[PDB]
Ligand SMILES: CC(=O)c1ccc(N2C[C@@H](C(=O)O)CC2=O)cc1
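Given as structure tokens, the chain that follows is alone and in the form deposited without the named molecule.
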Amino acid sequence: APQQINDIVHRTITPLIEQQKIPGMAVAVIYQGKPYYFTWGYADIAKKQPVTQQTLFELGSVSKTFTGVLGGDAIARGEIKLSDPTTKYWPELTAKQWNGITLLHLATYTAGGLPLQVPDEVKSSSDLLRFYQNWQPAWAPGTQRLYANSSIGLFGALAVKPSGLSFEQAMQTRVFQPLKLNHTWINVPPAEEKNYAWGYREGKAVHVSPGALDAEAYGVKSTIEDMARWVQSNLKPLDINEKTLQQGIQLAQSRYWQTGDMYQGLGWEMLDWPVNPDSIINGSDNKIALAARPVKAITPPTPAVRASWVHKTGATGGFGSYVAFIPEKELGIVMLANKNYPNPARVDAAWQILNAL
């Protein structure tokens, strides 16, 4: 680890952890293409287990970059089209509303108001179908962005339908595997239970709860080393072999919509680089991030731009994560914690390290 890196790291993360009261944290820095790992604290507080590079953390919403790529793959494979209507994959989706609602809308929260979370009462696929059928939109599709699980989640489920595979089976075989994402799970196997960190909420050890469209919207668990690869991959997709995956990645970072200085990709989110840290930091605020905003459509879209600050935050009840990278500079970082803490906090920490280069 080059000093300068170690430096900004200690400088930056130590206070974050102390301030936020974070139990365990793992950090990776991709500098000029190479990763540098940092670890601190506890995965299991009472069992005194440390956070190692093999520690699995709940990525929460970071899962969405996965789902977005997996769908970019499906596109690249010719199996689906963003331009297709939802009903084409869910025939029984008879409601009119569904009319002009495309895969694209689902994928980018522009469907006109689908809910952030899927009701906890919705258990069966059946429940699920009532749910979607009975939903009426507030806006015209493609007019306003409203971050929602029930949206990109549905997109996930459907995007794998042609493949004949289960969401998780496609993910595995289509992304993890090819990428050597050996310790990435939707479901964590017994073999890895020992490495599965505990989330902490109000001082209680906790694990993501089960719910509809979870795998798709927030079910991925990973290690920093994996997240590191995840980063390199996304940083330089041209280097991956699977042609479809390689294309998928690029599709996920293409710009489909604009809202302010942000661009909505598939799963991912981008801003031009050089960025204005404010925008990023403050924008991370759920008060902004979770809000309903009017979108500008990019017709036709702008393919993945090298000069962007690409990134994503995610949270579960006991975990908080963040990802970001500058494709043009071959630089990025990944931060995973067993505590859900203020986003803005995560992004600023991110901004210091990276800004220090």
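Residues that one form lacks are left out of the comparison. Under this definition, the rigid core comprises the largest set of C-alpha atoms superposing within 1.5 Å between the forms. Numbering starts at 1 and follows the sequence shown.
Are coordinates for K81 absent from at least a third of the other PDB entries that model its neighbours?
Per the records, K81 is modelled in all the other entries.
Taking the other compared entries of this protein, do a third or more of them lack coordinates for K161?
That residue is present in all of the other compared entries.
Should the higher mean CA B-factor in the entry be assigned to 198-206 or to 67-75?
Mean CA B-factor is higher for 198-206.
Do the C-alpha atoms of 209-217 or of 277-285 have the higher average B factor in the entry?
Between 209-217 and 277-285, it is 277-285 that shows the higher mean C-alpha B-factor.
Which of these, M227, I186, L146, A191, has its C-alpha atom at the highest B-factor, as the entry lists it?
When the deposited C-alpha B-factors of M227, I186, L146, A191 are compared, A191 is largest.
Looking at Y256, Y132, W90, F176, which has the biggest Cα B factor in the entry?
In the PDB entry, the greatest C-alpha B-factor among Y256, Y132, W90, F176 is found at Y256.
Is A157 in the lowest, middle or highest third of its chain when residues are ranked by C-alpha B-factor?
For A157, the deposited C-alpha B-factor lands in the middle third.
Please say which third, lowest, middle or highest, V62 falls into when its CA temperature factor is compared across its chain.
It belongs to the middle third of the chain when residues are ordered by C-alpha B-factor.
Check where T244 lands among this chain's C-alpha B-factors and tell me if it's the lowest, middle or highest third.
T244: CA B-factor falls in the highest third of its chain.
Relative to the other modelled residues in the chain, which third contains the C-alpha temperature factor of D127: lowest, middle or highest?
It belongs to the middle third of the chain when residues are ordered by C-alpha B-factor.
Tell me, lowest, middle or highest third: where does the Cα B factor of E121 rank within its chain?
Within its chain, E121 is a highest-third residue by C-alpha B-factor, going by the deposited values.
FYI, the form solved in complex with the named molecule isn't displayed, but the following is about it.
Quick check on this chain: with the named molecule placed from its pose in the deposited complex by superposing the site C-alphas, is the site open or blocked (blocked meaning at least 3 ligand atoms within 2.4 Å of backbone or C-beta)?
If you fit the named molecule onto this chain using the C-alphas around its site, the pocket comes out blocked.
Does the 4.5 Å heavy atom contact test between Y147 and the named molecule in the deposited complex come out positive?
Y147: yes, in contact with the named molecule in the deposited complex.
Evaluate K287 for contact with the named molecule in the deposited complex, applying a 4.5 angstroms cut-off between non-hydrogen atoms, and reply yes or no.
Yes, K287 lies within 4.5 Å of the named molecule in the deposited complex.
Taking the named molecule in the deposited complex, which residues along 106-120 bring a heavy atom to within 4.5 Å of it?
Result: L116 alone.
Core fitted between the shown form and the other one: which of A46, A307, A297, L290 shows a C-alpha shift of 2 angstroms or more?
Among the listed residues, the outlier is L290.
Look at the CA atoms of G283 and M335: state whether they lie closer or farther apart in the deposited complex than in this form, given a difference of 3 Å or more.
Farther: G283 and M335 separate by 3 Å or more in the deposited complex.
Might you say whether the CA atoms of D285 and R145 end up closer or farther apart in the deposited complex than in this form? Their distance differs by 3 Å or more.
Closer together, by at least 3 Å.
After a core superposition, which runs of 3 or more consecutive residues shift by at least 2 Å in C-alpha position between the shown form and the other one?
Once the cores are aligned, run 282-290 is the only one whose C-alphas move by at least 2 Å.
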